[PDB]
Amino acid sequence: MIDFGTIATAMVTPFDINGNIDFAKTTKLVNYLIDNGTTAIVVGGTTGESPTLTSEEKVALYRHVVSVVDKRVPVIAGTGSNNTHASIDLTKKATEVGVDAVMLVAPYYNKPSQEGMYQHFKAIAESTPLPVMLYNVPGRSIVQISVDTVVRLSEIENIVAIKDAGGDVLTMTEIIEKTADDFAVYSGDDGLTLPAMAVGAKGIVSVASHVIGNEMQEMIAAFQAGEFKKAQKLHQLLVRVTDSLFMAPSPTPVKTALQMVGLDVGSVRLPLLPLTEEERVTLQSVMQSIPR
């Protein structure tokens, strides 16, 4: 059974001055994340700006990350969209370039039923030997993958995990209870890392780990040890930092926070925009508040 560990990081896609994928900065960010508590890398997720990458950018980004990671941590490619056939296609291409797993988002915009989503995820899972991580995100796709739906899908052999960004640790709980023990439930919301884990989540698919990966690993280890007060103080920092990373449409704030800590990964592609001066000042304060 593939193990993504306790912190999968949904990596940003570094862009150069022309907005193209900056491959050399990508290498640098990949090694930095692996050195700072990242235990698996989700490439070309929401946070990697999957909406504005082309299919061929995605494939090349996947290829390059696989090569740089060199099997040090699992590489999960965000291949699902709201088009089942295009999702199968991009999943085949990801597999061909050696990724370890695919992450498949709930179809956004076209609002499929539970049965539609069942068939969509079933057909994408069936097209690859790779492990599949479902990605529940009603705050962007509107629909939710219902508990019953996730459970039906978990019975498929290569559907092994869910990244639940639904904000609800009680639906998480119910998924944990109703699926086999080898079905890994991850939080998809940084601030819920600690409470999700309290109820049995395996960990977090993270954005905040770009800047506080080590603190998050410390938090998690403290909690598992029963060191509640130490875990709570770090949870407080996690929640505060997470809030500042979503003051504006993600991933611009985290791309900006990274620039502020010495790791320039470029800007973002339209329709996302650079932070304003005032947004930047607000963010820099929060960044400057992190214990060094």
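Residues carry their position along the shown sequence, with the first being 1.
Legend entry - Between 120 to 128 and 78 to 86 (mean CA B-factor, as deposited), the higher: Here the higher of the two C-alpha B-factor means belongs to 120 to 128.
Inset, instruction - For the higher mean C-alpha B factor in the entry, choose 40 to 48 or 224 to 232. - result: According to the PDB entry, the answer is 224 to 232.
Inset, instruction - Pick out which of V97, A196, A161, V105 has the highest C-alpha B-factor in the PDB entry. - result: In this record, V97 carries the highest C-alpha B-factor of the candidates.
Legend entry - Modelled-residue ranking by C-alpha temperature factor, third containing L33: Middle third - that is where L33 ends up once the chain's C-alpha B-factors are sorted.
Inset, instruction - Quick one: classify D168 as lowest, middle or highest third of the chain based on its Cα B-factor. - result: For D168, the deposited C-alpha B-factor lands in the lowest third.
Legend entry - Lowest, middle or highest third - CA B-factor, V239: As the PDB entry reports it, the C-alpha B-factor of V239 lands in the lowest third of its chain.
Legend entry - Position of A180 among the chain's modelled residues by C-alpha B-factor, lowest, middle or highest third: As the PDB entry reports it, the C-alpha B-factor of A180 lands in the highest third of its chain.
Legend entry - Chain third (lowest, middle, highest) by recorded CA B-factor, residue given as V147: Answer is lowest: the recorded C-alpha B-factor places it there.
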